[PDB]
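Visitor: following this: a sequence and the matching experimental structure.
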Amino acid sequence: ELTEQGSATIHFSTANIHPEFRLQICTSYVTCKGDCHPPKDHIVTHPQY
Amino acid sequence: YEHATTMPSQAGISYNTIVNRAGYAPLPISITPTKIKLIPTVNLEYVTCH
């Protein structure tokens, strides 16, 4: 959902330690970057998305 | 998660530390020694009186 002005949160799954991608929205192409960290669980009960 | 620290043996003084995971909220830890007892293993030899 999109409003006139504000902030929107998007949940994403990445395998990159240093992710940098081009998030495409209605028309814009935002460049998103950051840093990720290893998770707690050594073993989980679902396949990797 | 395995954390290790070294708290000085001083009763009545708190020891505050923090556990920082790579991408998780910090975890505060506090240890407050109210009393530290050193009890030697004593065996009776004999008893003396007047």
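Guide: Cool, got the structure. Numbers count the residues shown, from 1 in each chain, chains lettered A, B, ... in the order given.
Visitor: what residues does chain A have near chain B?
Guide: Taking C-beta under 8 Å from any C-beta of the partner chain as the test, the list of chain A residues beside chain B reads A:36-40. (Each C-beta comes from the backbone N, C-alpha and C, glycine too.)
Visitor: which one is the one residue in chain A that gets nearest to chain B nearest to, not counting chain neighbours?
Guide: Scanning chain A for proximity to chain B using C-beta to the nearest C-beta identifies residue A:37 as nearest, at 2.9 Å. Nearest residue to residue A:37, sequence neighbours excluded (C-beta to C-beta, 6 or more residues apart in numbering or on different chains): residue B:23, at 2.9 Å.
Visitor: how much space between the one you found and residue A:38?
Guide: 7 Å (C-beta to C-beta, to the nearest Å).
Visitor: tell me which helix or strand residue A:23 sits in.
Guide: Following DSSP states H and E, the helix or strand that holds residue A:23 is strand A:20-24.
Visitor: can I get the helix or strand following that strand in PDB? Just the C-alpha atoms.
Guide: Heading C-terminal from strand A:20-24, the first helix or strand you meet, by DSSP H and E, is strand A:29-33. The C-alpha coordinates for strand A:29-33 follow below in PDB (Å, rounded to 0.1, in the frame of the first residue of the first chain):
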ATOM      1  CA  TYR A  29      14.100   2.200  -8.900                       C
ATOM      2  CA  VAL A  30      15.400   2.800  -5.400                       C
ATOM      3  CA  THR A  31      19.000   1.600  -4.600                       C
ATOM      4  CA  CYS A  32      19.100  -0.300  -1.200                       C
ATOM      5  CA  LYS A  33      22.300  -1.200   0.600                       C
END
